[PDB]
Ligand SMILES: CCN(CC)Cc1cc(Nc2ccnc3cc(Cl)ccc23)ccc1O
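Only one chain is included here, represented as structure tokens and corresponding to the form deposited without this ligand.
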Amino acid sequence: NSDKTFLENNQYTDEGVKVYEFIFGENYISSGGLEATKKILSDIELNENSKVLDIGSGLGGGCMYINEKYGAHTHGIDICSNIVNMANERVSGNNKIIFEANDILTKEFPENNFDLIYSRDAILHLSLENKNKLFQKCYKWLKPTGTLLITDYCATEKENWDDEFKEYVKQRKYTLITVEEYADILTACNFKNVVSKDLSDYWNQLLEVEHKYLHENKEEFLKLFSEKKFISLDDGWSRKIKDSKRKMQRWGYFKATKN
């Protein structure tokens, strides 16, 4: 009843994680790395007394940035123990950053605890039933004055997927839904002021920067990895660029409040 072994042994092996970090940037394994993070948080207000939860915290770049910018207490949860071990090696002497290995679906936190619950491209791993269960937990865990802030991989309606896109989703065991279905889940969970944005155009821009970087730094990549891994990454980004342009694969942004 867990995907922990599946994730640790395939997509998020140590080397898999290091390949992602090469292309996304130091401390990041998701879209746009540091630059997208600055943008996503540009209108967010927190301070040194704030409490933040990062769901699917990865190598911890997001927690590092939120703590640096605001001085906030940050608690990241990630199901992959090897990734959490790597995250903890990236931070020292800071008792306001915590990284914990756990399945968010089984983790308990106090009701009315967090000023911000933040997640970047992680919830795509959860089944539709579990997305709904997670957002019910998030609603409970947010302070009355708290905010939910998410980016996640979305898609056009499943009926519209082509062969290559179906294979991509199946191989990774992603559950991708439309930006609109996702927003409706938040509304159903009683979140208020639900804002969704289809950021597929911006995502396409981020992908192009990354793809260019990969090509310009191929020699360095090959010193670290193998040509086989290069080709896989290169082809993967090419498909994401193509599919984001036509909105077959989409990038969703969601912000909501508890009250």
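From 1 onward, residues are counted along the sequence shown.
As for the form solved in complex with this ligand, it is not shown, yet the points below apply to it.
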Using 4.5 Å between non-hydrogen atoms, is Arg239 touching this ligand in the bound PDB entry?
yes
So, in the bound PDB entry, is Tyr202 in contact with this ligand at a 4.5 angstroms heavy atom limit?
yes
Please run the contact check for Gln171 against this ligand in the bound PDB entry: heavy atoms, 4.5 angstroms, yes or no?
yes
4.5 Å heavy atom contact, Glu35 and this ligand in the bound PDB entry:
yes
Would you point out which of 162-170, 177-185, 141-149, 86-94 contains residues with a non-hydrogen atom within 4.5 Å of this ligand in the bound PDB entry?
162-170
